[PDB]
Amino acid sequence: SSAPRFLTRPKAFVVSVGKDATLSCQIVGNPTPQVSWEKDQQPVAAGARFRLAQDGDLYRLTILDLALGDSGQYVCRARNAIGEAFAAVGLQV
Amino acid sequence: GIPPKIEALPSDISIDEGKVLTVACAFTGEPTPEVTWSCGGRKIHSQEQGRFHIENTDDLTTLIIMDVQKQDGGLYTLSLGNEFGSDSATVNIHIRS
Ligand SMILES: [Cl-]
């Protein structure tokens, strides 16, 4: 039915170092897209450092206890049966 | 006046044959810079009847490659330019079976 597309490009929300940080975006598609994240071409492994979640068309990566080591180019990949959509965001803590 | 800057463009991206590819990249610069997508020294032209499409706003560029074919694989260069300077960045698009 529809290839994935970003309604909102990935945007970072930072409070401070030591507090959680969120890279979030709005993605549409039919079938609904699968979202994957990669920091500096290295894929994000969910767990202690990162947490992935999605409320409807809102997809969000949470970086727990933000550190200077979390700085880098994060690439969001929305994939489905029809296509792929890529968009990136540079995080500088 | 403000010189242009490519915000964040992926280094490498991969897609399977026959699918649609979308690469959205944000940019800065006043006056609004000339967006130029190129591959192997050849400028990508947004052909309405073709497979390749480029959707440009005042702050965002989007590369569209419909029904991706093996030949489309390569090193794509996004290049902005205005009265006050220029910036370039590369995305290595890979094609798979
Ligand atoms: Cl990829």
# chains A, B, ... in the order shown; residues from 1 in each chain; ligands from 1
>>> interface_residues(of="chain B", to="chain A", cutoff="9 Å", atoms="only C-alpha atoms", output="MDAnalysis selection string")
chainID B and resid 7:16 18:26 66
>>> residues_around(residues="range 66-70 of chain A", least_positions_apart="3", cutoff="12 Å", atoms="only C-alpha atoms", output="number ranges by chain")
A: 12-23, 38-40, 44, 48-50, 62-63, 73-74, 90-93
>>> write_last_selection(atoms="C-alpha atoms", output="compact mmCIF listing (two decimals), in the first residue's frame")
# COMPACT_ATOMS: atom_id res chain seq x y z
CA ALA A 12 16.99 14.83 19.86
CA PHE A 13 15.74 15.93 23.29
CA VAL A 14 18.47 16.38 25.90
CA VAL A 15 18.00 17.66 29.46
CA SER A 16 21.61 17.18 30.69
CA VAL A 17 24.35 14.56 31.03
CA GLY A 18 23.27 11.81 33.48
CA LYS A 19 19.60 12.34 32.58
CA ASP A 20 17.76 10.34 29.85
CA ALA A 21 17.84 11.61 26.22
CA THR A 22 15.45 10.86 23.35
CA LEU A 23 15.83 10.71 19.59
CA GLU A 38 22.53 2.85 14.30
CA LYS A 39 25.13 5.07 16.03
CA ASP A 40 28.14 5.70 13.71
CA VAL A 44 21.92 -0.03 18.54
CA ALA A 48 21.12 -0.91 29.51
CA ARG A 49 22.28 2.01 27.29
CA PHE A 50 19.30 2.20 24.90
CA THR A 62 15.78 6.56 24.63
CA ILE A 63 19.45 6.86 25.67
CA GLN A 73 25.62 10.35 14.05
CA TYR A 74 22.47 8.31 14.72
CA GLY A 90 23.80 14.21 15.04
CA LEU A 91 23.86 14.08 18.84
CA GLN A 92 26.51 16.25 20.53
CA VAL A 93 26.60 16.03 24.35
>>> closest_residue(among="A:25, A:53, A:46, A:35", to="ligand 1", atoms="only C-alpha atoms and all ligand atoms")
A:35
>>> select_by_dssp(residues="chain B", states="strand (DSSP E)", output="ChimeraX atom specification")
/B:2-6,12-16,20-30,36-39,42-43,52-56,60-65,74-81,86-96
>>> write_last_selection(atoms="C-alpha atoms", output="PDB file, in the first residue's frame")
ATOM      1  CA  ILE B   2      24.967  32.150   6.406  1.00  0.00           C
ATOM      2  CA  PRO B   3      27.183  29.511   4.617  1.00  0.00           C
ATOM      3  CA  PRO B   4      25.506  26.102   4.002  1.00  0.00           C
ATOM      4  CA  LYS B   5      25.957  22.995   6.182  1.00  0.00           C
ATOM      5  CA  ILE B   6      24.733  19.396   5.648  1.00  0.00           C
ATOM      6  CA  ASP B  12      26.268   3.722   4.129  1.00  0.00           C
ATOM      7  CA  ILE B  13      22.710   2.547   3.397  1.00  0.00           C
ATOM      8  CA  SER B  14      21.520  -0.765   1.905  1.00  0.00           C
ATOM      9  CA  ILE B  15      18.295  -1.727   0.086  1.00  0.00           C
ATOM     10  CA  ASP B  16      16.930  -4.758  -1.827  1.00  0.00           C
ATOM     11  CA  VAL B  20      11.696   2.332  -3.022  1.00  0.00           C
ATOM     12  CA  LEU B  21      14.585   4.208  -1.377  1.00  0.00           C
ATOM     13  CA  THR B  22      14.227   7.461   0.603  1.00  0.00           C
ATOM     14  CA  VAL B  23      17.142   9.517   1.964  1.00  0.00           C
ATOM     15  CA  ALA B  24      16.061  12.598   3.906  1.00  0.00           C
ATOM     16  CA  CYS B  25      18.705  15.136   4.836  1.00  0.00           C
ATOM     17  CA  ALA B  26      18.331  18.511   6.586  1.00  0.00           C
ATOM     18  CA  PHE B  27      20.485  21.598   5.829  1.00  0.00           C
ATOM     19  CA  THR B  28      21.256  25.180   6.937  1.00  0.00           C
ATOM     20  CA  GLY B  29      22.181  28.300   4.921  1.00  0.00           C
ATOM     21  CA  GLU B  30      20.837  31.767   4.038  1.00  0.00           C
ATOM     22  CA  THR B  36      22.834  19.095  -6.051  1.00  0.00           C
ATOM     23  CA  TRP B  37      22.682  15.277  -5.809  1.00  0.00           C
ATOM     24  CA  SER B  38      25.328  13.500  -7.905  1.00  0.00           C
ATOM     25  CA  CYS B  39      26.719  10.013  -8.506  1.00  0.00           C
ATOM     26  CA  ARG B  42      26.904  12.916 -12.971  1.00  0.00           C
ATOM     27  CA  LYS B  43      24.117  15.160 -11.551  1.00  0.00           C
ATOM     28  CA  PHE B  52      14.869   9.149  -9.613  1.00  0.00           C
ATOM     29  CA  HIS B  53      13.113  12.039  -7.769  1.00  0.00           C
ATOM     30  CA  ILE B  54      14.482  14.884  -5.603  1.00  0.00           C
ATOM     31  CA  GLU B  55      12.075  16.675  -3.205  1.00  0.00           C
ATOM     32  CA  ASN B  56      13.646  19.927  -1.916  1.00  0.00           C
ATOM     33  CA  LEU B  60      15.408  19.627   3.702  1.00  0.00           C
ATOM     34  CA  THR B  61      16.416  17.464   0.699  1.00  0.00           C
ATOM     35  CA  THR B  62      14.927  14.035  -0.092  1.00  0.00           C
ATOM     36  CA  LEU B  63      16.410  11.564  -2.595  1.00  0.00           C
ATOM     37  CA  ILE B  64      13.887   9.065  -4.045  1.00  0.00           C
ATOM     38  CA  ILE B  65      14.969   5.991  -6.043  1.00  0.00           C
ATOM     39  CA  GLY B  74      27.213   3.646  -5.731  1.00  0.00           C
ATOM     40  CA  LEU B  75      28.614   6.690  -3.941  1.00  0.00           C
ATOM     41  CA  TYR B  76      26.035   9.500  -3.958  1.00  0.00           C
ATOM     42  CA  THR B  77      27.196  13.056  -3.163  1.00  0.00           C
ATOM     43  CA  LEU B  78      24.822  15.685  -1.744  1.00  0.00           C
ATOM     44  CA  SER B  79      26.266  19.168  -2.398  1.00  0.00           C
ATOM     45  CA  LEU B  80      24.922  22.538  -1.181  1.00  0.00           C
ATOM     46  CA  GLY B  81      26.178  25.930  -2.311  1.00  0.00           C
ATOM     47  CA  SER B  86      29.526  25.256   0.162  1.00  0.00           C
ATOM     48  CA  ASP B  87      29.287  21.803   1.820  1.00  0.00           C
ATOM     49  CA  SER B  88      29.349  18.216   0.472  1.00  0.00           C
ATOM     50  CA  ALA B  89      28.620  14.776   1.990  1.00  0.00           C
ATOM     51  CA  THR B  90      28.547  11.193   0.664  1.00  0.00           C
ATOM     52  CA  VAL B  91      26.117   8.272   1.065  1.00  0.00           C
ATOM     53  CA  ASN B  92      27.228   4.848  -0.133  1.00  0.00           C
ATOM     54  CA  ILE B  93      24.054   3.151  -1.452  1.00  0.00           C
ATOM     55  CA  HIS B  94      24.340  -0.679  -1.597  1.00  0.00           C
ATOM     56  CA  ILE B  95      21.993  -2.982  -3.511  1.00  0.00           C
ATOM     57  CA  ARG B  96      21.169  -6.592  -2.443  1.00  0.00           C
TER      58      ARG B  96
END
>>> atom_distance(atom1="CA of residue 50 in chain B", atom2="CA of residue 68 in chain B")
11.7 Å
>>> atom_distance(atom1="CA of residue 51 in chain A", atom2="CA of residue 65 in chain A")
11.5 Å
>>> closest_residue(among="A:10, A:32, A:42, A:27", to="ligand 1", atoms="only C-alpha atoms and all ligand atoms")
A:42
>>> closest_residue(among="A:43, A:72, A:31, A:56", to="ligand 1", atoms="only C-alpha atoms and all ligand atoms")
A:43
>>> atom_distance(atom1="CA of residue 32 in chain B", atom2="CA of residue 8 in chain A")
20.3 Å
